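For reference, the chain that follows is the form deposited in one PDB entry, supplied as structure tokens.
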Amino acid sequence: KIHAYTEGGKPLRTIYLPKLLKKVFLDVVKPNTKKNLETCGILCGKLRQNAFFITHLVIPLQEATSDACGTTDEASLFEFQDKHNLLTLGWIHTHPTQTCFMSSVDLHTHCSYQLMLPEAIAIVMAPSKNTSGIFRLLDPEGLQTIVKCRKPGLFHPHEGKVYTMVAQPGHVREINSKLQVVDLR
């Protein structure tokens, strides 16, 4: 039995993550990584008995670059999530050649995730360098920094420690659960 807490003491509910998810996602977006392109996908699922279970990897309509990859139809995703009663628990994306780390845009993106949902996680694939990582912002020091950060330019550095890695064991907990990929493209 694990109880995890935030930098400021808020308790963190567990997130159950399918062991298959990471490689399945890497497979689904292989067309972009072999083409050296960033591909993101949304981690959805249910609140059941005070924990979150990730049940769906939703791949949104998106615009992929070598360095970022936002969603480009937020409405089709919301329809889909509303239809199937699916909360957002985080997201995952590929760094095709780059290392395993949270880029500057990656922290601004995750910031609005972790604001909606304190437990939210960002998963990062580095398929060339053969690494992955599950990250979150520091709560509150790191959210504070990124909410105050209206500074410009998309690789802009950040003051002090901004993000960290969900720990092992943690509030993220890998299990052998079934998995559904939903490709919205």
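In case it trips you up, residue 1 is the first one in the sequence shown, and so on.
Stretch with the higher entry mean CA B-factor, where the candidates are 58-66 and 113-121:
The stretch with the larger mean CA B-factor is 58-66.
Mean C-alpha B-factor higher for 45-53, or for 146-154?
146-154 has the higher mean C-alpha B-factor.
Of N85, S103, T99, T88, which one's C-alpha B factor is largest in the deposited record?
Most elevated C-alpha B-factor of the set, per the entry: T99.
Which third of the chain holds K161 when residues are ordered by C-alpha B factor: lowest, middle or highest?
According to the entry, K161 has a C-alpha B-factor in the chain's highest third.
Would the CA B-factor of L37 place it in the lowest, middle or highest third of its chain?
Highest third - that is where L37 ends up once the chain's C-alpha B-factors are sorted.
Which third, lowest, middle or highest, does the CA B-factor of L26 fall in along this chain?
Ranked within chain, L26 CA B lands in the middle tercile.
Lowest, middle or highest third: where is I15 by Cα B-factor in its chain?
Bottom third by C-alpha B-factor.
In what follows, reference is made to the form deposited with a partner chain bound, a form of this protein that is not presented.
Check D67 for me: does it contact its partner chain in the bound PDB entry (non-hydrogen atoms, 4.5 angstroms)?
Yes.
With heavy atoms only and a cut-off of 4.5 Å, decide whether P157 touches its partner chain in the bound PDB entry.
Residue-level check for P157: yes, a contact with its partner chain.
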